[PDB]
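J.: To start, I am sharing the structure in question, which I have written as C-alpha coordinates.
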Amino acid sequence: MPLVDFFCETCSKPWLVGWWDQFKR
(Lines give C-alpha, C1' and ligand atoms only; values in the text may rest on other atoms or scores of the structure.)
Protein backbone atom coordinates (compact mmCIF):
# COMPACT_ATOMS: atom_id res chain seq x y z
CA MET A 1 0.00 0.00 0.00
CA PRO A 2 2.00 2.94 -1.38
CA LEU A 3 -0.51 5.75 -1.96
CA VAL A 4 -2.82 4.32 0.72
CA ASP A 5 0.01 4.97 3.20
CA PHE A 6 0.19 8.73 2.50
CA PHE A 7 -3.61 8.89 2.13
CA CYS A 8 -4.41 8.05 5.78
CA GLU A 9 -1.33 10.08 6.78
CA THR A 10 -3.31 13.32 6.32
CA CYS A 11 -6.81 12.93 4.80
CA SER A 12 -10.16 11.90 6.37
CA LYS A 13 -8.77 12.41 9.89
CA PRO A 14 -9.51 16.14 10.48
CA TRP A 15 -11.07 15.05 13.79
CA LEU A 16 -7.80 13.64 15.15
CA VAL A 17 -6.10 16.99 14.61
CA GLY A 18 -7.91 17.97 17.81
CA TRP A 19 -5.71 15.88 20.12
CA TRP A 20 -2.75 16.67 17.82
CA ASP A 21 -2.41 20.22 19.15
CA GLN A 22 -1.12 18.82 22.47
CA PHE A 23 1.13 16.39 20.55
CA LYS A 24 3.23 19.49 19.73
CA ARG A 25 5.47 18.20 22.56
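Chain lettering (A, B, ...) mirrors the order of the C-alpha coordinates, residue numbering begins at 1 for each chain separately, and ligand numbering begins at 1 in order of display.
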What parts of chain A does DSSP call alpha helix (DSSP H)? I'd like the answer as a ChimeraX atom specification.
T.: /A:3-9
J.: Work out how far apart atom CA of residue A:19 and atom CA of residue A:6 are and give it in Å to one decimal.
T.: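 Between atom CA of residue A:19 and atom CA of residue A:6 the gap is 19.9 Å.
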